[PDB]
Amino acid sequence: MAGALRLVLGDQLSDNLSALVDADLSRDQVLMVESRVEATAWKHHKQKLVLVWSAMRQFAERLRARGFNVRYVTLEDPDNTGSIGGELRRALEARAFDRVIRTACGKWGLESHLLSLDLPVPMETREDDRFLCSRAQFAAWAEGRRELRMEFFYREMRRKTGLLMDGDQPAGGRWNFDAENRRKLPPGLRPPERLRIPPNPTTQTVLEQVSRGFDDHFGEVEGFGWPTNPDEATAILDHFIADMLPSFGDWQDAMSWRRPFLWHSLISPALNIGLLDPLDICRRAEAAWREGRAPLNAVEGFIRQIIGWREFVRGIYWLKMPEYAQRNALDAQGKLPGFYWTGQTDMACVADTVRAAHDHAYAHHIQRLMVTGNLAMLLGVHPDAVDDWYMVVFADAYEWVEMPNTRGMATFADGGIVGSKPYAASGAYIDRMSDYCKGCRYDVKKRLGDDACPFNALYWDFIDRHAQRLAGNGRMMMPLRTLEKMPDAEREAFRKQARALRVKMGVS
């Protein structure tokens, strides 16, 4: 009866974590490690380092107030070995323990390493039931399905969770109210001001430490406004539910120059480390519709992102890894252009996305998908280099969610497991969906020449390069038909242009 050592990782900062259930406060110890292995696995955005480390330090103080004995190993500790496994060994030598208890993490490499660790005591690994769909439940649903479509999974999750269900029927008589013909913001509509969280004393200390010790990481730390504890995260969620949720379904795909937040919730960095709960978030949104404070299409569109896409991408990650991390369906071998890190590009849309990534460690979905993600696909950047960028620059970036959205939906490197079809688009899409192109130095109505918008020739070269494969796909009928009606001289023209753009941008 010596007690159990309970490991808590940087994205596991929840009281209801399975590793903390049924703890014996008089015998057990909680281990939390500020790990430089994890801090340099990718060179995370400086704001992500501030977010995680400030939140772990406050989460540890919260556990101590509840009677937990917490062994907190800071990054200034001269005896910190730097790794989770090394610090688990050091904690087991410090005193007697009967076993180690932990919760399955969200990175396959770390999870595989921990499962293979040879410790002096047994190590029990519990499932992370903070998610709404267990790993086993997704595998059971995916069994026998020749393709995994989010819509059928989303319907199952609506029945399991009972969210937006009247009896056995979905609210409103249909599952999905996704209204097509989405458009850019009207010229007079100014996006509202958003709530930011001024750093608390703990966050200020971590901020100064990150400014001084990790200066060679991407991004600015100044202006850090992310929530770092449940109260600050609830304040962000309260602000979204009351002030932005009613407009969620209107501008979900719009882009406005230097308005990086629009009406999005901005909860992913706090949700992904456990500061908010997925079921509680969705129930609050449903209650807004049930009590007449938000329309159904807005609330359903919001809940679909969380119980649908978020659970879907996690399901595919753990279902297909580790082979998923190595898939390269389009044989993309190019380098990532330097303006992804510096933002020094004449493409206004790309420059604004990198600017938001640098200044706020955030960019909303359609920019990650249709701007920087689409461009990396069209350019043929190696999927390893695209994964590294999305892991580094966004404060919500963890491999279980970053990779299926990046290697899958954004760049089709998984052959269509996640997205079922590549989301390629020319500058015409960005033009219809944003206010970028009129202020851009390029001309979105041109495909050849120095003034031509690079997305235009790169898009048609992409469809031309993968024409035979995309014909078997099926969902690319209209672009292939237009390409087939194009004379040979026009085909060779945008080909030459696309090769030149790949050289100009340092890709290949």
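Position 1 is the first residue in the sequence shown; the rest follow in order. The term rigid core refers to the maximal set of C-alpha atoms that superpose within 1.5 Å between the two forms.
Once the rigid core is used to overlay the structures in 4 other deposited structures of this protein, the stretch among 177 to 185 and 236 to 244 whose CA atoms lie farther from this form is 177 to 185. According to the PDB record, 123 to 131 carries the higher mean C-alpha B-factor of the two stretches 269 to 277 and 123 to 131. For the pair 279 to 287 and 187 to 195, the mean B factor over Cα atoms is greater in 187 to 195. Sorting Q58, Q47, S35, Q468 by the CA temperature factor given in the entry leaves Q468 at the top. Reading the B-factor column for the CA atoms of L31, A457, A41, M476 in the entry, the top value corresponds to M476. Per the PDB record, residue ranking by Cα B-factor puts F261 in the middle third of the chain. Placement of the Cα temperature factor of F224 within the chain: middle third of the modelled residues, per the deposited record.
Sort the modelled residues of the chain by CA B factor and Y398 lands in the lowest third. Sorting the modelled residues of the chain by their CA temperature factor places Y362 in the lowest third.
When the modelled residues of the chain are ordered by C-alpha B-factor, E87 sits in the middle third.
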